[PDB]
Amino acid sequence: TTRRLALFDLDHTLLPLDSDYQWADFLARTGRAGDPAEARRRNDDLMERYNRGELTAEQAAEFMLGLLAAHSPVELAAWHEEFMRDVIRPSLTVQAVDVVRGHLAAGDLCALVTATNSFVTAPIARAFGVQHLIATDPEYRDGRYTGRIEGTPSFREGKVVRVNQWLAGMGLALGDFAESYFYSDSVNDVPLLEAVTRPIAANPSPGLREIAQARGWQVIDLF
């Protein structure tokens, strides 16, 4: 069949920001994560230790989910709407919307594939008209987020696993498509970029821009 698959990274690909950090910072600022100062300090110190190599990817993801564990899901929803209105929505650009819209309009099967947790990113996929989300999932039990990851994280090689698991759930596979596109900005996503037939380096980091040019991969600087 002639259908194509289109996969989109989120942070720094479709949005000119990191939705994971902005959400932490939004809760700190606003201040639903304790004293604002100490909250932002604890956020930055997490990113610093992760960036220096002192925390695992799992542990960083866990700290982020721990922000959800501190509150009722009813409060979290109300606060996320404010986050959407004040942070995410105004960073939506016509260029990012249009990259997605073009693939929707072609009939492509479209999914957002992101390490930022599905509580935080579900309404963002919806804001783009994208009906499928392949995100790190927070465990939810007994009406609350536990702070733990449910299943495989949608991060690095996990994005590949999760995408293949999702297609099989629909009774499909990557080679069923005439082409598969994946847009991303980061060397973290070389695994999924290598898996599809049309990798696109979107707003690439210097590392990924070098890899894109080496391999002849399309580059797009959306913003």
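We number the residues from 1 along the sequence you see.
Student: Between 209-217 and 12-20, point out the one with the higher average CA B-factor as the PDB entry records it.
Tutor: It is 209-217.
Student: Taking only the CA atoms, which stretch has the higher mean B-factor in the record, 26-34 or 45-53?
Tutor: The stretch with the larger mean CA B-factor is 45-53.
Student: Pick out which of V161, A61, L68, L192 has the highest C-alpha B-factor in the PDB entry.
Tutor: Highest C-alpha B-factor among the listed options: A61.
Student: Splitting the chain's C-alpha B-factors into thirds, which one does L5 fall into?
Tutor: Its C-alpha B-factor belongs to the middle third of this chain's values.
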